[PDB]
Amino acid sequence: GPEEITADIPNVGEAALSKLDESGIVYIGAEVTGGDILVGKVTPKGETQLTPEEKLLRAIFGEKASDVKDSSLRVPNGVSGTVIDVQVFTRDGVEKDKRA
Amino acid sequence: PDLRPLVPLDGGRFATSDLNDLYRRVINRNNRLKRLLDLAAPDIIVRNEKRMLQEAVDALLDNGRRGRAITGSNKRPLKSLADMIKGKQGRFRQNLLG
Amino acid sequence: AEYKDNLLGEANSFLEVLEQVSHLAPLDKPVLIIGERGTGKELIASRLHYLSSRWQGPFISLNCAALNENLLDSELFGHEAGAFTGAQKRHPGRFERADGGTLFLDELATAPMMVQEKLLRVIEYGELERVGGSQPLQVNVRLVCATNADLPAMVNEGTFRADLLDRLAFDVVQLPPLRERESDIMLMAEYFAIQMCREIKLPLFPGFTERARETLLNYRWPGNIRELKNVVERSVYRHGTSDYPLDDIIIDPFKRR
Amino acid sequence: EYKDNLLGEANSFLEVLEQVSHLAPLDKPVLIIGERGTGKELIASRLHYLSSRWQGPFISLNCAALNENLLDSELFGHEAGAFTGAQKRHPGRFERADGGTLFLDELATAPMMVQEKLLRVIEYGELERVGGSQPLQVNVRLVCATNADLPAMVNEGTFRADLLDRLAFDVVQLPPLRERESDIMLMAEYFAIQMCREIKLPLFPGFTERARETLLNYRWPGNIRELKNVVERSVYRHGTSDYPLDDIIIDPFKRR
Amino acid sequence: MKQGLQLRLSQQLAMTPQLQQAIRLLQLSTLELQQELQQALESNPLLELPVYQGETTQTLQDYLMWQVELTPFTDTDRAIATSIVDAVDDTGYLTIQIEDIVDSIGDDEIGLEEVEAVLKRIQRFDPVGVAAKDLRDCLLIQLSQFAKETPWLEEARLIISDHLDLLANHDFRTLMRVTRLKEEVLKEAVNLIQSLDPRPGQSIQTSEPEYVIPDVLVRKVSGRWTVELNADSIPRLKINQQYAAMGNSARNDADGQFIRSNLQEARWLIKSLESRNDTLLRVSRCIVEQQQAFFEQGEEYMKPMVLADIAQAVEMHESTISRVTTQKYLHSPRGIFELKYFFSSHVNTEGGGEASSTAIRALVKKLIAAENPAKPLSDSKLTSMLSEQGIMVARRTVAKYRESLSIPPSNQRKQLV
Amino acid sequence: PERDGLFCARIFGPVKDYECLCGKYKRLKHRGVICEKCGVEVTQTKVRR
DNA sequence: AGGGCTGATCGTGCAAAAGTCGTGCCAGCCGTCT
DNA sequence: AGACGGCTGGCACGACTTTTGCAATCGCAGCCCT
Ligand SMILES: Nc1ncnc2c1ncn2[C@@H]1O[C@H](COP(=O)(O)OP(=O)(O)O)[C@@H](O)[C@H]1O
Ligand SMILES: [Mg+2]
């Protein structure tokens, strides 16, 4: 399936996501040090059978179902700085444009 | 295969080169010879195919000596089983604590 | 929602007919139009199909007079197999065109008596005649009619059976005559002139002459169709480079000199 | 330029040509009031020369003779229906040239159903098909020609009045051979040159006053058919004669 | 012209069904067809470094093994720990039971208590998600790692202890009655459970190479563009002209006959390739006849598509079109879909229309988007919404579409506000 | 891995894990056995080199 | 001297049984309110 | 605290799809059997 940016990264703290906007990119003018998340991207996973284990896990937790994996863009280590501006290009035929 | 990694460039295609291209050539050529002889083929075509096969094996061993094999869109030669032994970029190099 | 372009005219009869069409629109009953030749009854029927039928309902305009061979008219009813020279594939489609829609016809006078009787025995019960051996289909199709001749006239002639004439004519929609409309006729003429000026892609105004209007009043114009208006607009088109045209030609053979 | 076939020096011919040029700029039905042997697609050739689809020539080919069932089949052709097999829309009148102008002849012989189909063709209408539904709509202009006065036939009730009227958007009257009197000599000379070229004759050796008098006295029913026959006879005779050889005439039957 | 069973005309054509023709169709095997063509061309006579970084973490499994080895463990203890670590899934839950591990040990001295102690030492491994049990146990481990100041931690622990079934069924009434749950306290517990890092091992496996094949292209620049169906990837192989000339120049008559047979086979292959290309082009035209309408209208506005109707429009054999549809992929600006996915299911719709089952499913998904988060929309509510849309689809059809859309159950999807 | 080709099973050794290519006999409890539907020794991945 | 008879070359389909989907519908069950 | 309701899912029956399993007879004429 296609991969989209919607900032729904599992197995991550709210503080790391505390600076992320809804579409996933960071606000203009921020600062960053280390390996902080910049753009939130996930990878879809293949569907499974009934499989009562994660069926129960989804029934209790939900909204993840292990459907996606954490594949977000992060700053390389030993790098600290501040952002100037962002830019995104979308091909014709796709009009998600959450914050484009 | 552990010595000849797939090394995907684009992820879509593994594109193994310089280690499996010549293997692919020799494998397909040998299969063609091997079903060819059992079909009672005429002499001309079988000797031509065997000459192709011997040339391919030679190129797999040493390409620089005999023949010139190049990759897609690149005219540079291939790195044969002897190429990764000899020269500044062989196994013996970088063996001396490189 | 979407309204087809129509000529503007002060014809309260036309508005009453439109209101009656709207009233019968929720209704699903046979509709008969008394439209004479060139009255554009087909346009009225289509406008009905916009509202009288369900939204985006199938429509079909097949004229019985257009039928060539009565054997083909039989083929207009579905043939299963073993019909005509080639029985490989058979799909009349008229009943399929009928299914999920209404039925519209023009000049239903010319039909053979057998054709009309079969039409009655199909419409009244709702079952579909099949040329090939098959169970008939009760296709729910409305029926709309538009003919010139009087129904009692054919009854006196006997062409339509009493059962057929009755069950065929459930509602009557008399089309106003073109000669009946005088001021509405002039307004529709002006509107058609504007539409023709737009169509011809001529920026200059068409223009009219009082003598031309008097002559048009003299013209019988039995057909209220755009065709008579198109003929008038063509007589105008024969004149160019003048803001207001003068005179007109009744027929091309007329005034040959 | 279409080789300017049958260049008619008549002023009425020039006016008819200008009207045909106007009609070809248009894409609406138009009627050609012609007569037998007169204007045999020459006006249609001029229209194609001035057609809006100048690059893409129209079908033309208005002239056609066929049976009633045959004409109906020419209107509607389906692979399964009728005797012929695996050929649907075998005539393909609209398929012959998209847009352009559909051309018809001898509409008098057409049946009332055939006339009704013609009328539906005149307005925006769907294609004719023996079986199924023909939602396919191919826009194309209309051209037609018959030698009779359809007003009488409608008065006689031999053709659909609606078809006669809507088709008669603008009737293109045509002049016959009897109409052409002064241009007859020019047409004869042009036909002589064309025959000398086709028959490999060195040139037109020349005419005779007796030959011209006989040609004038000739009924000449065809606008060019009479001219064609006269030219053929003169080419056959003078090709060996290498001289005017008085008048050479072609007769279906010869005695003594 | 209506006589029946008249004189029969002589047939001027034959079916000529050949297994060669069917193989030429190849059911549009595409890459498989390419491999088959390569095999035939090999069987047909006279026919035709990188960077290599090699560096990646082993999904923390190597990291876990090192950390366990980093911790001081006895040789037998190290072996037991390695065996336990081997019994780790990507999610982080143990596939084998403790009894299975003890049986794999095959030692009479090895016991359940020692195995449990080893697992518990292994359970508190280096990374999160090393519980090797249900996520509730992993949730307990996370809560132990989490500060005790978190509200409702004791209530969450009590619920996870033996009231897990109550939480699974979202039976708020019975769960609250049993656990004396306060109003909106369950909301706080649910919010805390949201930050429980379910499937922690999935995040560790951040690497995920992309896999996609070009196949057909639906770029459609400026509308109706002839986007070739991977014309570059099409083989278009040809026989050896020089060898053919040699065969033409062969002195031996038998050799010449063999060369002629090879040339006939090559001509057959060329005809097969040309037929494949022509079928691809015709299918592209037929799809483009209505693909733009579907793309602009949307997935929920998808008209039904009939394979027989498409074949009739293309005028080719219906069975041929059906075979071509199989194992065919068409990448589009919207995305890459199968030819069957390109085709649309048939379902009745109101107002004289036909609605695709995928169209109805997309409409139902859009409706499910517009729903109260606390209470999921009922299938009866979905049927009412469909009736409002006028798609002539009842409760059964709505349920089928929901199964296609994997809509959760109304009670299961129901949650507190 | 392909069947009887480059980078294949039953040749050059087992796959990334002890799990067999077919899918059965996927456990360290199997140490030297070989499955029937697939012929692969249940061993480490390093031996592939 | 007369009969047998042998293999070259002979090109876009389909249909029929099977399968499978659309749609409707009944039977039980749990959440609930009486 | 037993019944209202809606779900869900199995169960069924027509309507559309679709896949595989299907190729002689030549017109040459020389060779072999009789
Ligand atoms: N009220 C109107 N406004 C505009 N055009 C009209 C009106 N009534 C009739 N027409 C025109 O008359 C033409 C033919 O009308 P009609 O006689 O109903 O067709 P038919 O010959 O099929 O009966 C149509 O093209 C239509 O545009
Ligand atoms: Mg009419």
# chains A, B, ... in the order shown; residues from 1 in each chain; ligands from 1
call {"tool": "residues_near_ligand", "arguments": {"ligand": "ligand 2", "cutoff": "8 Å", "atoms": "only C-alpha atoms (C1' of nucleotides) and all ligand atoms", "output": "short mmCIF file (atom, residue, chain, number, x, y, z; two decimals) with C-alpha atoms, in the first residue's frame"}}
result
data_model
loop_
_atom_site.label_atom_id
_atom_site.label_comp_id
_atom_site.auth_asym_id
_atom_site.auth_seq_id
_atom_site.Cartn_x
_atom_site.Cartn_y
_atom_site.Cartn_z
CA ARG C 37 -47.01 17.65 -37.34
CA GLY C 38 -44.08 19.83 -36.34
CA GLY C 40 -42.27 19.47 -31.18
CA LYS C 41 -44.23 16.98 -29.12
CA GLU C 42 -41.00 15.00 -28.87
CA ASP C 106 -44.70 9.43 -32.82
CA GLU C 107 -47.44 9.03 -35.45
#
call {"tool": "residues_near_ligand", "arguments": {"ligand": "ligand 1", "cutoff": "10 Å", "atoms": "only C-alpha atoms (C1' of nucleotides) and all ligand atoms", "output": "PyMOL selection string"}}
result
(chain C and resi 4-9+11+14+35-46+61+63+105-107+146-148+175-176+178+184-185+188-189+191-192+223-230) or (chain D and resi 119-120+123-124+162-163+166)
call {"tool": "residues_around", "arguments": {"residues": "segment 128-131 of chain C", "least_positions_apart": "3", "cutoff": "12 Å", "atoms": "only C-alpha atoms (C1' of nucleotides)", "output": "VMD selection string"}}
result
chain C and resid 71 to 84 87 90 to 96 98 to 99 115 117 to 125 134 to 141
call {"tool": "residues_around", "arguments": {"residues": "residue 65 of chain D", "least_positions_apart": "4", "cutoff": "12 Å", "atoms": "only C-alpha atoms (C1' of nucleotides)", "output": "list in words"}}
result
residues 61, 69, 70, 71, 72, 74, 104, 105, 106, 107, 108, 109 and 110 of chain D
call {"tool": "write_last_selection", "arguments": {"atoms": "N, CA, C and O atoms", "output": "PDB file, in the first residue's frame"}}
result
ATOM      1  N   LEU D  61     -20.112  10.380 -53.030  1.00  0.00           N
ATOM      2  CA  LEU D  61     -20.732   9.156 -53.542  1.00  0.00           C
ATOM      3  C   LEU D  61     -22.239   9.146 -53.297  1.00  0.00           C
ATOM      4  O   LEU D  61     -22.813   8.146 -52.859  1.00  0.00           O
ATOM      5  N   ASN D  69     -35.364  -3.269 -49.774  1.00  0.00           N
ATOM      6  CA  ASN D  69     -34.686  -3.972 -48.695  1.00  0.00           C
ATOM      7  C   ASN D  69     -33.194  -3.678 -48.720  1.00  0.00           C
ATOM      8  O   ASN D  69     -32.560  -3.546 -47.666  1.00  0.00           O
ATOM      9  N   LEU D  70     -32.617  -3.566 -49.917  1.00  0.00           N
ATOM     10  CA  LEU D  70     -31.197  -3.247 -50.031  1.00  0.00           C
ATOM     11  C   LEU D  70     -30.890  -1.865 -49.467  1.00  0.00           C
ATOM     12  O   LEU D  70     -29.899  -1.686 -48.751  1.00  0.00           O
ATOM     13  N   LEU D  71     -31.721  -0.872 -49.785  1.00  0.00           N
ATOM     14  CA  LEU D  71     -31.508   0.463 -49.236  1.00  0.00           C
ATOM     15  C   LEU D  71     -31.657   0.459 -47.722  1.00  0.00           C
ATOM     16  O   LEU D  71     -30.882   1.110 -47.008  1.00  0.00           O
ATOM     17  N   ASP D  72     -32.647  -0.277 -47.212  1.00  0.00           N
ATOM     18  CA  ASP D  72     -32.811  -0.381 -45.768  1.00  0.00           C
ATOM     19  C   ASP D  72     -31.578  -0.996 -45.122  1.00  0.00           C
ATOM     20  O   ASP D  72     -31.129  -0.543 -44.062  1.00  0.00           O
ATOM     21  N   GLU D  74     -28.570  -0.823 -46.334  1.00  0.00           N
ATOM     22  CA  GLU D  74     -27.567   0.235 -46.395  1.00  0.00           C
ATOM     23  C   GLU D  74     -27.741   1.211 -45.241  1.00  0.00           C
ATOM     24  O   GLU D  74     -26.766   1.792 -44.754  1.00  0.00           O
ATOM     25  N   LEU D 104     -26.731  11.841 -50.470  1.00  0.00           N
ATOM     26  CA  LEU D 104     -27.755  10.888 -50.874  1.00  0.00           C
ATOM     27  C   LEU D 104     -28.317  11.267 -52.236  1.00  0.00           C
ATOM     28  O   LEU D 104     -28.287  12.437 -52.628  1.00  0.00           O
ATOM     29  N   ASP D 105     -28.819  10.269 -52.960  1.00  0.00           N
ATOM     30  CA  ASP D 105     -29.445  10.476 -54.256  1.00  0.00           C
ATOM     31  C   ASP D 105     -30.642   9.548 -54.412  1.00  0.00           C
ATOM     32  O   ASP D 105     -30.745   8.522 -53.733  1.00  0.00           O
ATOM     33  N   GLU D 106     -31.542   9.923 -55.321  1.00  0.00           N
ATOM     34  CA  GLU D 106     -32.728   9.130 -55.641  1.00  0.00           C
ATOM     35  C   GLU D 106     -33.568   8.866 -54.394  1.00  0.00           C
ATOM     36  O   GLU D 106     -34.074   7.765 -54.171  1.00  0.00           O
ATOM     37  N   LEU D 107     -33.719   9.907 -53.574  1.00  0.00           N
ATOM     38  CA  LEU D 107     -34.502   9.773 -52.351  1.00  0.00           C
ATOM     39  C   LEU D 107     -35.970   9.505 -52.652  1.00  0.00           C
ATOM     40  O   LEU D 107     -36.720   9.091 -51.761  1.00  0.00           O
ATOM     41  N   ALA D 108     -36.397   9.736 -53.895  1.00  0.00           N
ATOM     42  CA  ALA D 108     -37.784   9.480 -54.261  1.00  0.00           C
ATOM     43  C   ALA D 108     -38.150   8.013 -54.082  1.00  0.00           C
ATOM     44  O   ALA D 108     -39.242   7.701 -53.595  1.00  0.00           O
ATOM     45  N   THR D 109     -37.253   7.101 -54.461  1.00  0.00           N
ATOM     46  CA  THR D 109     -37.537   5.679 -54.322  1.00  0.00           C
ATOM     47  C   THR D 109     -37.541   5.219 -52.871  1.00  0.00           C
ATOM     48  O   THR D 109     -37.993   4.104 -52.592  1.00  0.00           O
ATOM     49  N   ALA D 110     -37.050   6.040 -51.946  1.00  0.00           N
ATOM     50  CA  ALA D 110     -36.973   5.628 -50.556  1.00  0.00           C
ATOM     51  C   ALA D 110     -38.373   5.423 -49.977  1.00  0.00           C
ATOM     52  O   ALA D 110     -39.301   6.173 -50.288  1.00  0.00           O
TER      53      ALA D 110
END
call {"tool": "select_by_dssp", "arguments": {"residues": "segment 14-246 of chain D", "states": "strand (DSSP E or B)", "output": "short mmCIF file (atom, residue, chain, number, x, y, z; two decimals) with C-alpha atoms, in the first residue's frame"}}
result
data_model
loop_
_atom_site.label_atom_id
_atom_site.label_comp_id
_atom_site.auth_asym_id
_atom_site.auth_seq_id
_atom_site.Cartn_x
_atom_site.Cartn_y
_atom_site.Cartn_z
CA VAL D 30 -28.73 21.21 -47.57
CA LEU D 31 -30.78 20.14 -50.59
CA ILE D 32 -29.42 20.00 -54.15
CA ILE D 33 -32.21 20.39 -56.70
CA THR D 101 -21.49 15.75 -45.20
CA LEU D 102 -23.61 12.66 -45.83
CA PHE D 103 -24.65 12.59 -49.49
CA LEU D 104 -27.75 10.89 -50.87
CA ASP D 105 -29.45 10.48 -54.26
CA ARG D 141 -23.71 17.04 -42.39
CA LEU D 142 -26.41 16.15 -44.92
CA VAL D 143 -26.51 16.51 -48.71
CA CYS D 144 -29.07 15.07 -51.11
CA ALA D 145 -30.31 15.36 -54.68
CA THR D 146 -33.34 14.11 -56.61
CA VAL D 171 -32.49 23.94 -52.00
CA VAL D 172 -29.60 24.13 -54.47
CA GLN D 173 -31.23 24.35 -57.89
#
call {"tool": "select_by_dssp", "arguments": {"residues": "segment 58-117 of chain C", "states": "alpha helix (DSSP H)", "output": "list in words"}}
result
residues 70, 71, 72, 73, 74, 75, 76, 94, 95, 96, 97, 98, 113, 114, 115, 116 and 117 of chain C
call {"tool": "residues_around", "arguments": {"residues": "segment 77-93 of chain A", "least_positions_apart": "6", "cutoff": "12 Å", "atoms": "only C-alpha atoms (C1' of nucleotides)", "output": "ChimeraX atom specification"}}
result
/A:4-5,23-39,99-100 /E:218-222,292,295-296,298,332-335
call {"tool": "residues_around", "arguments": {"residues": "residue 66 of chain B", "least_positions_apart": "3", "cutoff": "12 Å", "atoms": "only C-alpha atoms (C1' of nucleotides)", "output": "PyMOL selection string"}}
result
chain B and resi 54-63+69+77+80
call {"tool": "closest_residue", "arguments": {"among": "E:16, E:27, E:319, E:357", "to": "residue 15 of chain G", "atoms": "only C-alpha atoms (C1' of nucleotides)"}}
result
E:319
call {"tool": "residues_around", "arguments": {"residues": "residue 3 of chain C", "least_positions_apart": "4", "cutoff": "12 Å", "atoms": "only C-alpha atoms (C1' of nucleotides)", "output": "VMD selection string"}}
result
chain C and resid 43 46 to 51
call {"tool": "interface_residues", "arguments": {"of": "chain E", "to": "chain C", "cutoff": "9 Å", "atoms": "only C-alpha atoms", "output": "ChimeraX atom specification"}}
result
/E:1-6,351-353
call {"tool": "interface_residues", "arguments": {"of": "chain E", "to": "chain F", "cutoff": "12 Å", "atoms": "only C-alpha atoms", "output": "PDB file with N, CA, C and O atoms, in the first residue's frame"}}
result
ATOM      1  N   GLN E  58      20.451  -6.394  13.448  1.00  0.00           N
ATOM      2  CA  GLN E  58      19.633  -7.587  13.230  1.00  0.00           C
ATOM      3  C   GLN E  58      18.315  -7.495  14.003  1.00  0.00           C
ATOM      4  O   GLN E  58      17.973  -8.351  14.819  1.00  0.00           O
ATOM      5  N   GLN E  61      17.745  -8.218  17.563  1.00  0.00           N
ATOM      6  CA  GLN E  61      17.972  -9.583  18.020  1.00  0.00           C
ATOM      7  C   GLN E  61      19.446  -9.815  18.306  1.00  0.00           C
ATOM      8  O   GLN E  61      19.804 -10.435  19.313  1.00  0.00           O
ATOM      9  N   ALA E  79      23.625 -20.507  27.471  1.00  0.00           N
ATOM     10  CA  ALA E  79      22.946 -21.339  26.484  1.00  0.00           C
ATOM     11  C   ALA E  79      21.432 -21.243  26.629  1.00  0.00           C
ATOM     12  O   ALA E  79      20.710 -21.132  25.631  1.00  0.00           O
ATOM     13  N   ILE E  80      20.935 -21.282  27.867  1.00  0.00           N
ATOM     14  CA  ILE E  80      19.497 -21.172  28.096  1.00  0.00           C
ATOM     15  C   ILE E  80      18.988 -19.817  27.625  1.00  0.00           C
ATOM     16  O   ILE E  80      17.926 -19.715  27.001  1.00  0.00           O
ATOM     17  N   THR E  82      20.341 -17.900  25.311  1.00  0.00           N
ATOM     18  CA  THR E  82      20.378 -17.878  23.855  1.00  0.00           C
ATOM     19  C   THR E  82      19.192 -18.627  23.268  1.00  0.00           C
ATOM     20  O   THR E  82      18.587 -18.183  22.285  1.00  0.00           O
ATOM     21  N   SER E  83      18.846 -19.772  23.860  1.00  0.00           N
ATOM     22  CA  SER E  83      17.679 -20.513  23.399  1.00  0.00           C
ATOM     23  C   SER E  83      16.409 -19.692  23.571  1.00  0.00           C
ATOM     24  O   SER E  83      15.553 -19.664  22.679  1.00  0.00           O
ATOM     25  N   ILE E  84      16.275 -19.012  24.711  1.00  0.00           N
ATOM     26  CA  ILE E  84      15.096 -18.185  24.949  1.00  0.00           C
ATOM     27  C   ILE E  84      15.037 -17.041  23.944  1.00  0.00           C
ATOM     28  O   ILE E  84      13.969 -16.716  23.412  1.00  0.00           O
ATOM     29  N   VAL E  85      16.183 -16.416  23.673  1.00  0.00           N
ATOM     30  CA  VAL E  85      16.235 -15.310  22.723  1.00  0.00           C
ATOM     31  C   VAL E  85      15.894 -15.787  21.321  1.00  0.00           C
ATOM     32  O   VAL E  85      15.291 -15.046  20.536  1.00  0.00           O
ATOM     33  N   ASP E  86      16.286 -17.012  20.973  1.00  0.00           N
ATOM     34  CA  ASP E  86      15.907 -17.560  19.677  1.00  0.00           C
ATOM     35  C   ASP E  86      14.395 -17.692  19.562  1.00  0.00           C
ATOM     36  O   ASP E  86      13.833 -17.572  18.467  1.00  0.00           O
ATOM     37  N   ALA E  87      13.719 -17.934  20.682  1.00  0.00           N
ATOM     38  CA  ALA E  87      12.263 -18.063  20.697  1.00  0.00           C
ATOM     39  C   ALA E  87      11.629 -16.686  20.885  1.00  0.00           C
ATOM     40  O   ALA E  87      10.865 -16.431  21.817  1.00  0.00           O
ATOM     41  N   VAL E  88      11.962 -15.790  19.961  1.00  0.00           N
ATOM     42  CA  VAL E  88      11.458 -14.424  19.979  1.00  0.00           C
ATOM     43  C   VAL E  88      10.924 -14.084  18.597  1.00  0.00           C
ATOM     44  O   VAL E  88      11.597 -14.310  17.585  1.00  0.00           O
ATOM     45  N   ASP E  89       9.711 -13.542  18.556  1.00  0.00           N
ATOM     46  CA  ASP E  89       9.123 -13.107  17.303  1.00  0.00           C
ATOM     47  C   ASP E  89       9.500 -11.655  17.020  1.00  0.00           C
ATOM     48  O   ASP E  89      10.115 -10.970  17.841  1.00  0.00           O
ATOM     49  N   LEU E  94       6.970 -14.657  22.688  1.00  0.00           N
ATOM     50  CA  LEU E  94       7.543 -15.986  22.530  1.00  0.00           C
ATOM     51  C   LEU E  94       6.587 -16.896  21.772  1.00  0.00           C
ATOM     52  O   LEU E  94       5.416 -17.035  22.137  1.00  0.00           O
ATOM     53  N   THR E  95       7.097 -17.520  20.711  1.00  0.00           N
ATOM     54  CA  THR E  95       6.273 -18.431  19.925  1.00  0.00           C
ATOM     55  C   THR E  95       6.058 -19.748  20.662  1.00  0.00           C
ATOM     56  O   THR E  95       4.952 -20.300  20.661  1.00  0.00           O
ATOM     57  N   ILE E  96       7.099 -20.261  21.300  1.00  0.00           N
ATOM     58  CA  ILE E  96       7.041 -21.555  21.968  1.00  0.00           C
ATOM     59  C   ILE E  96       6.695 -21.356  23.435  1.00  0.00           C
ATOM     60  O   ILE E  96       7.026 -20.334  24.045  1.00  0.00           O
ATOM     61  N   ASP E 100       7.506 -26.237  25.963  1.00  0.00           N
ATOM     62  CA  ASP E 100       8.208 -26.527  24.719  1.00  0.00           C
ATOM     63  C   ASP E 100       9.700 -26.252  24.853  1.00  0.00           C
ATOM     64  O   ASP E 100      10.531 -27.024  24.362  1.00  0.00           O
ATOM     65  N   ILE E 101      10.057 -25.151  25.519  1.00  0.00           N
ATOM     66  CA  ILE E 101      11.465 -24.837  25.737  1.00  0.00           C
ATOM     67  C   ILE E 101      12.125 -25.888  26.618  1.00  0.00           C
ATOM     68  O   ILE E 101      13.258 -26.310  26.354  1.00  0.00           O
ATOM     69  N   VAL E 102      11.437 -26.324  27.675  1.00  0.00           N
ATOM     70  CA  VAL E 102      11.991 -27.353  28.549  1.00  0.00           C
ATOM     71  C   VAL E 102      12.189 -28.656  27.787  1.00  0.00           C
ATOM     72  O   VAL E 102      13.200 -29.345  27.974  1.00  0.00           O
ATOM     73  N   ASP E 103      11.234 -29.023  26.928  1.00  0.00           N
ATOM     74  CA  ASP E 103      11.394 -30.216  26.106  1.00  0.00           C
ATOM     75  C   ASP E 103      12.562 -30.079  25.138  1.00  0.00           C
ATOM     76  O   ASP E 103      13.315 -31.038  24.935  1.00  0.00           O
ATOM     77  N   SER E 104      12.727 -28.901  24.530  1.00  0.00           N
ATOM     78  CA  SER E 104      13.865 -28.676  23.648  1.00  0.00           C
ATOM     79  C   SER E 104      15.183 -28.746  24.407  1.00  0.00           C
ATOM     80  O   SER E 104      16.213 -29.105  23.825  1.00  0.00           O
ATOM     81  N   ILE E 105      15.173 -28.399  25.696  1.00  0.00           N
ATOM     82  CA  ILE E 105      16.383 -28.515  26.507  1.00  0.00           C
ATOM     83  C   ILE E 105      16.814 -29.971  26.616  1.00  0.00           C
ATOM     84  O   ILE E 105      18.000 -30.296  26.474  1.00  0.00           O
ATOM     85  N   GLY E 106      15.864 -30.867  26.865  1.00  0.00           N
ATOM     86  CA  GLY E 106      16.173 -32.288  26.950  1.00  0.00           C
ATOM     87  C   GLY E 106      17.094 -32.656  28.092  1.00  0.00           C
ATOM     88  O   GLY E 106      17.939 -33.547  27.944  1.00  0.00           O
TER      89      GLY E 106
END
call {"tool": "interface_residues", "arguments": {"of": "chain E", "to": "chain G", "cutoff": "8 Å", "atoms": "only C-alpha atoms (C1' of nucleotides)", "output": "VMD selection string"}}
result
chain E and resid 15 to 18 21 317 319 to 320 347 396 to 397
call {"tool": "write_last_selection", "arguments": {"atoms": "N, CA, C and O atoms", "output": "short mmCIF file (atom, residue, chain, number, x, y, z; two decimals), in the first residue's frame"}}
result
data_model
loop_
_atom_site.label_atom_id
_atom_site.label_comp_id
_atom_site.auth_asym_id
_atom_site.auth_seq_id
_atom_site.Cartn_x
_atom_site.Cartn_y
_atom_site.Cartn_z
N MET E 15 -11.98 -22.20 -36.70
CA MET E 15 -11.52 -21.82 -35.37
C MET E 15 -10.00 -21.93 -35.27
O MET E 15 -9.35 -21.04 -34.72
N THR E 16 -9.43 -23.02 -35.79
CA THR E 16 -7.99 -23.28 -35.80
C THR E 16 -7.40 -23.15 -34.40
O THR E 16 -6.36 -22.51 -34.22
N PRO E 17 -8.03 -23.75 -33.39
CA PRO E 17 -7.48 -23.65 -32.03
C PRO E 17 -6.19 -24.44 -31.91
O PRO E 17 -6.15 -25.66 -32.08
N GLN E 18 -5.11 -23.72 -31.59
CA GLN E 18 -3.79 -24.31 -31.45
C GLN E 18 -3.28 -24.05 -30.04
O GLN E 18 -3.44 -22.95 -29.50
N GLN E 21 -1.33 -21.09 -30.00
CA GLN E 21 -2.05 -19.83 -29.84
C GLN E 21 -2.34 -19.54 -28.38
O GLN E 21 -2.21 -18.40 -27.92
N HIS E 317 -12.25 -11.52 -28.71
CA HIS E 317 -12.86 -12.66 -28.04
C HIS E 317 -13.00 -12.40 -26.55
O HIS E 317 -12.07 -11.91 -25.90
N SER E 319 -13.27 -14.63 -24.10
CA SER E 319 -12.34 -15.48 -23.37
C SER E 319 -10.92 -14.94 -23.46
O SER E 319 -10.15 -15.03 -22.50
N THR E 320 -10.56 -14.38 -24.62
CA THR E 320 -9.24 -13.77 -24.76
C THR E 320 -9.07 -12.60 -23.79
O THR E 320 -8.02 -12.46 -23.16
N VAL E 347 -23.41 -4.43 -9.19
CA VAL E 347 -24.43 -4.36 -8.15
C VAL E 347 -25.49 -3.36 -8.58
O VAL E 347 -25.20 -2.37 -9.27
N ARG E 396 -27.71 -6.38 4.05
CA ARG E 396 -26.78 -7.45 3.68
C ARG E 396 -25.67 -6.91 2.78
O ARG E 396 -24.49 -7.24 2.98
N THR E 397 -26.03 -6.09 1.80
CA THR E 397 -25.02 -5.51 0.91
C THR E 397 -24.09 -4.59 1.69
O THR E 397 -22.87 -4.57 1.45
#
